[PDB]
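Chemist: Mind having a look at this structure? Questions to follow.
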Amino acid sequence: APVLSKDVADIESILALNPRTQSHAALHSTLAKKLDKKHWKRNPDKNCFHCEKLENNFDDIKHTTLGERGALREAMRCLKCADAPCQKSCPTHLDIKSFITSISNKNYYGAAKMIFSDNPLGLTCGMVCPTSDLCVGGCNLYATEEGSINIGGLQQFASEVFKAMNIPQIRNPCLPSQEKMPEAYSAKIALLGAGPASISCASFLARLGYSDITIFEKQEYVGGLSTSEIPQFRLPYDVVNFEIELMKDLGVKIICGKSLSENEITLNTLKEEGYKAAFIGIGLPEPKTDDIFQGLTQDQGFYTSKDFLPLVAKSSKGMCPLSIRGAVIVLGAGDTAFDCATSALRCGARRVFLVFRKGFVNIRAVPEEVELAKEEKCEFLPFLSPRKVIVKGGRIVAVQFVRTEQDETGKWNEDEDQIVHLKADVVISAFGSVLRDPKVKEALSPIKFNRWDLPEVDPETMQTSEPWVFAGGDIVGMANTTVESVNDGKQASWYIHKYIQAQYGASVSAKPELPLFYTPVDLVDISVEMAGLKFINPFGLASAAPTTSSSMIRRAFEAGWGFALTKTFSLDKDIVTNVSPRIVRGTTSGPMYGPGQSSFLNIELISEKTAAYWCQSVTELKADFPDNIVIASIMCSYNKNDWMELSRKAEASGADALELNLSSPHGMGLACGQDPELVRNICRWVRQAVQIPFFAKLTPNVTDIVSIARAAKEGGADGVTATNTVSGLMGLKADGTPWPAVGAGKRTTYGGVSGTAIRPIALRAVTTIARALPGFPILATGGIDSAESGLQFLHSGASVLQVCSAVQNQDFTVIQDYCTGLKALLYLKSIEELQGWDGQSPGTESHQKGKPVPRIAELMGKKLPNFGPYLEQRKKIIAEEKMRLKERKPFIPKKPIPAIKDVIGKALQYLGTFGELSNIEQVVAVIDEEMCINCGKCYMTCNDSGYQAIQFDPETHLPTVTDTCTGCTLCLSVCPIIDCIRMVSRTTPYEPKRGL
Amino acid sequence: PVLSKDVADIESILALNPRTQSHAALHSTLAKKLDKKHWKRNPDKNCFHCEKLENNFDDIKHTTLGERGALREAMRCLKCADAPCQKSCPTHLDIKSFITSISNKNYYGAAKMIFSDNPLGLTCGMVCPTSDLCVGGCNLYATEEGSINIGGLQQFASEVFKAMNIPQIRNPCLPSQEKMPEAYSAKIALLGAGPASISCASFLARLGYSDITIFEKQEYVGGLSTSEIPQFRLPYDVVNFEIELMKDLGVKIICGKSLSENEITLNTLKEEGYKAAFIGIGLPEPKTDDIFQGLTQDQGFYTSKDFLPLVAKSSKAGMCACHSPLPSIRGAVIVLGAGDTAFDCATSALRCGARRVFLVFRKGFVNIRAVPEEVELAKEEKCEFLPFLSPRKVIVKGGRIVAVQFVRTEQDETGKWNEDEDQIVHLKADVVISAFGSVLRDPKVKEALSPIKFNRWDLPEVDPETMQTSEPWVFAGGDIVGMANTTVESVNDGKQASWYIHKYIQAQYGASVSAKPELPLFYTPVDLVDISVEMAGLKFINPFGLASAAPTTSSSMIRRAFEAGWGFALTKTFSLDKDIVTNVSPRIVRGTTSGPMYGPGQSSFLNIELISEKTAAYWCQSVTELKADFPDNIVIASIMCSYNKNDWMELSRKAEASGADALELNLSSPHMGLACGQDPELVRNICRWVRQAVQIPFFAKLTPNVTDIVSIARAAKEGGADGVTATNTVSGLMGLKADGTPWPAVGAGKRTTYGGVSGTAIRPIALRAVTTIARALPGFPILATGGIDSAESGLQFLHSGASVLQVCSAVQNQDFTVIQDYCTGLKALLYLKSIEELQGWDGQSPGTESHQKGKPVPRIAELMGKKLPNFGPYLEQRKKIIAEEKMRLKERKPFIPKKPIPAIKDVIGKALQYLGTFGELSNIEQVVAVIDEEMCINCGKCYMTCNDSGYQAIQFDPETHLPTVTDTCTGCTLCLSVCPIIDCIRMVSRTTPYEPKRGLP
Ligand SMILES: Cc1cc2nc3c(=O)[nH]c(=O)nc-3n(C[C@H](O)[C@H](O)[C@H](O)COP(=O)(O)O)c2cc1C
Ligand code: SF4
Ligand code: SF4
């Protein structure tokens, strides 16, 4: 034996970058720092002017793109505000609060479905909306140092997961069968142009039940500007495809090759052919051009943006050569100019100047869009109106501008004495767009147009001066964004509907009502029976502060809850007075304030309201809500008369069941629920007093919750509720006083912990009563705050699920997220192609900044982290590879969808004793270097809490697990990147780690 | 009446509460555009002009953090090994350590960390270009949410330290002043009182030198931090506080003395007894240009060195004995330049009331010198920018400037910049500000440095490792040397010089110094506080120790932990060979008790880990080694046997004779609960067996999985335990995948078994156990275990009755070096109890002010009158009552302890006097919620939580989204519990009569 408690020098050497307690101030010269600094540089460089080659690079450049880890953190962050201003600031009124709520709960289907109900192009809009002049500009968290939520990145992600699940849209299932629809619904509707505006309008019309809807498009491709000009590196063409496949799911017909124009389609022909309504969504087809450019061609290198963008599109997109070398001048200050500037780099420009008429603060493009130009090392020339495109040699070679300025009233002039000669090869008119075409205008004869030569519409109804013809989108000249065009189709859709019905003799609601968005997921059954009660869904308010009053129970039933407990009430004699404060927040996960508290503590007593109030309540609630279960929670002292007098009273007022609150003192713990013989007897009393089911509610503050459960079963209870709160003390202030602190003496008493902090306790309770009394109905409670969690508890043996803290953290409306949540989890289970996901979470792509990190037998296993000079090299392998390189059918369930009753107790078979655990099938951890952000947490935690088995490279900060791994699994557990360390099977000799 | 229907008043109260929708909403695009302006929080692109900034010096930094923000951002940091942010900080700050103190609520440890490596830590927080420094290296840049706000964190912790008003002291490691070798009375001069010389002077003083003098030419001190950086990025009182820190060490400052041939020169210093000298005089002069010659400030012409120091002097109260006022600069202003100097000219101009500002650069946007935490300030004050214009002729039309003429510049295929002679621009203007940078040109100064070598650029040449000039006794750094660029580098220059000046001077007295540089850290009297505690007759040097767990797998870990400063460790639990076990894998997973947060600060872990797989031979030998080398750290051998009197007596004696200070009996084994520890008679017996086999103290480790933990603790004391460890982990199960499989999941069958939960999730449970045993068995010694992850939570257990503190999960979340936080945390916490001027602090946190992104919020007269929140047209109407006050106007004595500094023994169990039965709580003194509309951020959460979990007792105003708590509140306190804004809501005594309402009377 040598010195067992000193590390032999191999491990002395693996430990070399571990943290050590620091005892002097370090010594490093400014010159050495200046040199070291470049080795770890993550970012953008201002000692760098030629960033990478961009040419033929159409990969995603949005900064708001989120992967799953990222999207889960941002959604948790959001406050989920009442009457949210984000949604006030959204042109299409998306319920962001709900959809953000659902993301936080891993319900991507319910988020996506909320998103698409109010915007049928929610993905597109996720990607391109200028959120900072819309929803994000209104977010309450801008009032904090960390700032607004990335709402669009969240909208983007949920819809992207919903893309991947491959679920069709369906007809409004509320609606009658098709052959039973009134006749008005078969009127022919024509929409002109397949852009966001008509796609939106026909979707809503399809949703209302219209069966003969046709989109007539000029071009061969669909989607309007999102296809032909929004770049592929901000809006992938296949996002656009998928949103149109959704619309086509509802029966909308598209016909390409037929234009609104003289001797093609006109209003008058639309009339003779029997169309009843026409929606005009043709956009602004023509380029706002300057006279000085008259005569130049593409051969001399002149393009309008309507020449240029569609060409680059046709080349980087299944939509239908690129070649812009040298110095490029881009004229204009809107979105159009900024997208030419950046697609220029993609056909290989050496330099891109953007030149503005007016100045910097007059930039109209989407400040996100101005970002991409800045970081690509575009040049910005303010205050210069064009005058002369000098040509020589067949090719443009410069351009002569005049200076402009404004004379402290606010109007502009030009100084002829001052010109710039501006060497260039390509000039791109990027001013904007108009409707000029007279054969188009003729085709709308006779509607009125205004000054601007746009169709005039009433802006509330979208109707033109002909009442069968409507218009929306860019062509009306008010909307500048995709989400505003969509909202134009939305608004039009309802008044087209009012107009068509009236022509057939019928009238429509007074309050506009368009339908939500639907999928087959929504038809999934999620009722369950337990103790011979039918629950319309398995979620319920527990007996607790959300049921302080019976009008709140009323409001919760109308929001959709399946059942509720009354707050526990007692005979009169037994009535109690609360103290205040008595509900405080948990400290169970550090100093996070606001949404998502991991527990609360309460020292709250039973109801201050009387048995009379509560019985009369129960009767009013069961009269108006016959299919909602109402359980009456009651409490007495250890007293046979009381327990019989109170359970008969509750029963006769019409409760579906009782809950015995077993937290009363005795006179084997001090509360009744801590002693089996007392619980046995109480159950015997109640069982002989009433005929309805009753459940005993167990306390987890016991050595063996199984022997209280059984006692209840032996005493005749029809089930148990597991569990009530854990006894605890939530913490002390640094001078010693507690919180909650009552009176001027700052007194406290022990309280009950609730929330997700206690979920492991409750789950293990539920699991262990189910293995031991299998068959005996359990109602779970303790930290249920999504559908995924409820499902854990159902899997564990519970039949219905009681909720308290998740509603204190939010409001009765989570119920909508729990339902669509559970319908989604059960439906995915019938989808073969999606067997690799965990519930709604896809199999994880290898990501940094939640984007896919490439695959080339160079970058795979020659150690290149994403920083410093290695980064510089991955970006040269990736931008000489883009040099070199120059079917949608919905899944179908194949197994019927399971009911709740088919998933209850499924997990029970995987539990067991410790010696049913294989000690033969050992694992090692394994780190995916493409997924690693170089933190060294796996390393610090294997060193001071593990087996010193990870090498951490001092020059790359890449870790590597050695053959010493014992599969403890700590490293996986602390790693911030989801699915970066995987546990795999040991493949070489492990004997245990014995010491001498 | 229908009792289960709201009344009509309440139904009105409920108008804005959420409701599950059923219809897509209809709203015209035109209406949406009208309604958008009502809610807007931000500076809008419709919007041309700016606010009125004249005479407005209020902080504009985007990186300033209040306590809420700062705790959130420190918890986000991964606290990385070998951290690249620290590699990228020019003074090598230990970011990971200071950010872990902040996130453990120990601002004093943070601050001491910061000021140890950088004596201008607070300034550097405010002004560092951190995207080109520490923030540019952050690993979290590789995530969507991005890099950590290090500048911000460093700033907030240093402000809390500035507010505690604690002085620095002499490194208490030194011998007393008269035992010091004569070398340390060597006279040292430093030239210039900026960052470089403050840093250098400070580190020299740390080392023991008593006779240091900084000679300052001006009459203010601090160099450019004082004379040019504006007040609204770097307030003056921060500089004054870093200087005071320096003076506490005895550094002397003399103003109005110049390095100059007419005054101080290297000769008059050599002749008057200085043994060494540091040149940090910066770059005194502007970089002038010929086309401005002979144009004075009477004419609208300034250099940056004329302009900025006026703006300073009238906006920095405390800097001059002269009083003077803000230069008036109406009109259009041209700023020439694109570095730091120019952008501060451009914002300082808008405060002088310039009507419009244009920055004109010789080169491209792609070529700008300052640091986009700066350039950003000028874009959002609406300054205009003109690239590729170099100035030719300033046009002087009878007295005033009226214009400037320029030529377009561009690059050739050479890439070199040349000037199109004919393309000329005639920008009118009233004021011109050249902000090209600085030089040393003055020959009076060069000559006083004679004879050191100067280089091309005309600066003292130095050795860049040692900061030495060609004269071996004269050093130089900071701006004067041409490398430094930023304050923190100029600090580093002097830090680096200090140790070589130390080596130089000790040689000159005939001594040598270490090979490896060793500058002392930063100390204050807080570090001298004693935090040892005596327990069961053992003395602990500090009350923090490693629990029996994965962080004590191998005795070589315990060796490293003792070397990092842990007071004590348990071994993993071990047994006799016949009970040795085989472990499974996976066996330790992360909690789901706080949702899907990956990375730092997990709220719990689960484990299905058994006892050590190393044998009692290995362990017993280790305890001998360890006690051999660490006789002052306590080492407790954790042991386990079946219910068997011989085995327990033999194993406890084997661990006695190996040298252990104590034993911990782990009562988890099995044969009202299958484990020994769950039954009071089995515990009494196992404790009796051990008590009779050994004479050292031993502790029973109790499980919280029981009905009454007191009864088991009492069972331990009845059979002789010297105390109890409370508590082992909580029985539980961490969750299942959506397919019903478990995690952990072992082998091909993916089986699992019940496990134990650990970490801050079980603290309520362990605290209750500890306060329970402590009231029932007064004076019975307790070791506390269960969710201790900072000094602060640690003090909670001491207050609850514990003497010493076990840690596992917080080290699994991080590494052994948290101990340093715990120790400085707990000294800071005790010391602060003696500072009566801080009685309103809650430990190290200061009583809140009215924050809005961590900024003082207005306390005006009609503004506190009729309710105005921070968005839409109300934001504009405050911004207007914030251009009326700001156009209505156109120190550190250290605290002394006044009470003795508690020992640990003085705080044990003080929380017991507040704990009691429910019957002891007063129901006479009821409270109500009151809300501060200034701190409110308009979320609705207090409202929704009263609406669906409360008493419908808050009104949410439809236009302002401002809540008001109404007379029907019962104090339940949920709203205060859900508010995101720390101490916006406050629970106060009812003054009005209260009926606890009953439904039916
Ligand atoms: C403020 C509050 C009050 C409660 N009041 C009662 C009660 O009166 N009767 C009862 O059986 N449970 C009561 N409970 C317990 C809850 O019904 C529930 O069992 C516990 O909170 C754990 O579930 P949770 O994670 O969803 O909150 C209360 C909980 C809280 C926070
Ligand atoms: S000193 Fe500056 S560079 Fe260093 S961490 Fe602080 S802010 Fe960063
Ligand atoms: S204390 Fe309770 S009743 Fe009062 S306002 Fe807050 S939530 Fe409501």
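Going through the structure tokens in order, the chains are called A, B, and so on, while each chain numbers its residues from 1 and the ligands are numbered from 1 in the order shown.
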Can you work out which residues are within 10 Å of ligand 3, considering only C-alpha atoms and all ligand atoms, and then hand them over as a PyMOL selection string?
Modeler: (chain A and resi 580-583+808) or (chain B and resi 927-931+941-955+963-978+985-987)
Chemist: Grab me every residue within 6 Å of ligand 1, counting only C-alpha atoms and all ligand atoms, and send it over as an MDAnalysis selection string.
Modeler: chainID A and resid 542:545 567:568 583 602 604 606 661 723:725 754:756 781:784 803:806
Chemist: Atoms to include: C-alpha atoms. Write the selected residues as a PDB file, in the first residue's frame.
Modeler:
```pdb
ATOM      1  CA  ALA A 542     -57.852  20.461  -5.803  1.00  0.00           C
ATOM      2  CA  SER A 543     -59.367  21.515  -2.499  1.00  0.00           C
ATOM      3  CA  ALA A 544     -57.288  24.577  -1.942  1.00  0.00           C
ATOM      4  CA  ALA A 545     -57.050  28.205  -2.620  1.00  0.00           C
ATOM      5  CA  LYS A 567     -62.273  23.994  -0.100  1.00  0.00           C
ATOM      6  CA  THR A 568     -62.462  21.761   2.934  1.00  0.00           C
ATOM      7  CA  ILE A 583     -49.080  31.865   1.712  1.00  0.00           C
ATOM      8  CA  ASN A 602     -49.011  27.887   3.370  1.00  0.00           C
ATOM      9  CA  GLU A 604     -53.785  28.272   5.800  1.00  0.00           C
ATOM     10  CA  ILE A 606     -59.827  25.049   6.371  1.00  0.00           C
ATOM     11  CA  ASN A 661     -59.611  15.692   4.816  1.00  0.00           C
ATOM     12  CA  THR A 723     -51.064  13.498  -1.365  1.00  0.00           C
ATOM     13  CA  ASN A 724     -51.652  16.688   0.793  1.00  0.00           C
ATOM     14  CA  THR A 725     -48.754  19.134   1.477  1.00  0.00           C
ATOM     15  CA  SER A 754     -46.823  22.414  -2.310  1.00  0.00           C
ATOM     16  CA  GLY A 755     -45.809  22.720  -5.974  1.00  0.00           C
ATOM     17  CA  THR A 756     -43.404  20.867  -8.267  1.00  0.00           C
ATOM     18  CA  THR A 781     -51.949  15.694  -6.422  1.00  0.00           C
ATOM     19  CA  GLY A 782     -48.609  17.370  -5.876  1.00  0.00           C
ATOM     20  CA  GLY A 783     -46.865  19.380  -8.591  1.00  0.00           C
ATOM     21  CA  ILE A 784     -49.003  18.609 -11.736  1.00  0.00           C
ATOM     22  CA  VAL A 803     -54.060  20.877  -9.403  1.00  0.00           C
ATOM     23  CA  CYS A 804     -53.421  23.691  -6.957  1.00  0.00           C
ATOM     24  CA  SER A 805     -50.049  25.452  -7.302  1.00  0.00           C
ATOM     25  CA  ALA A 806     -50.021  25.461 -11.060  1.00  0.00           C
TER      26      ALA A 806
END
```
Chemist: At a cut-off of 12 Å, can you tabulate as JSON lines every residue of chain A near ligand 2 together with its closest atom pair and the distance in Å to one decimal, using only C-alpha atoms and all ligand atoms and ordering rows by chain then number?
Modeler:
```
{"residue": "A:30", "atom": "CA", "partner": "ligand 2", "partner_atom_place_in_ligand_line": "3 (S)", "distance": 12.0}
{"residue": "A:33", "atom": "CA", "partner": "ligand 2", "partner_atom_place_in_ligand_line": "3 (S)", "distance": 10.8}
{"residue": "A:34", "atom": "CA", "partner": "ligand 2", "partner_atom_place_in_ligand_line": "3 (S)", "distance": 11.9}
{"residue": "A:37", "atom": "CA", "partner": "ligand 2", "partner_atom_place_in_ligand_line": "3 (S)", "distance": 10.9}
```
Chemist: Create the file for the chosen residues now, containing N, CA and C atoms and written as a tab-separated table (two decimals), in the first residue's frame.
Modeler:
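Generated file (out18.tsv):
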```tsv
chain	number	residue	atom	x	y	z
A	30	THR	N	-0.20	43.25	-20.37
A	30	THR	CA	-1.22	43.63	-21.34
A	30	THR	C	-0.88	43.09	-22.73
A	33	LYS	N	-2.06	39.44	-22.73
A	33	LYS	CA	-3.53	39.41	-22.89
A	33	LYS	C	-3.90	39.70	-24.30
A	34	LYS	N	-3.32	40.77	-24.91
A	34	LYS	CA	-3.80	41.09	-26.24
A	34	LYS	C	-3.61	39.89	-27.12
A	37	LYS	N	-6.15	36.84	-26.18
A	37	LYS	CA	-7.56	37.16	-26.36
A	37	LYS	C	-8.15	36.55	-27.63
```
Chemist: Quote the spacing between atom CA of residue A:44 and atom CA of residue A:375 in Å to one decimal place.
Modeler: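 That distance, rounded to one decimal, is 7.9 Å.
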Chemist: For chain A, which residue out of B:145, B:718, B:178, B:577 is the nearest one, using only C-alpha atoms?
Modeler: B:145
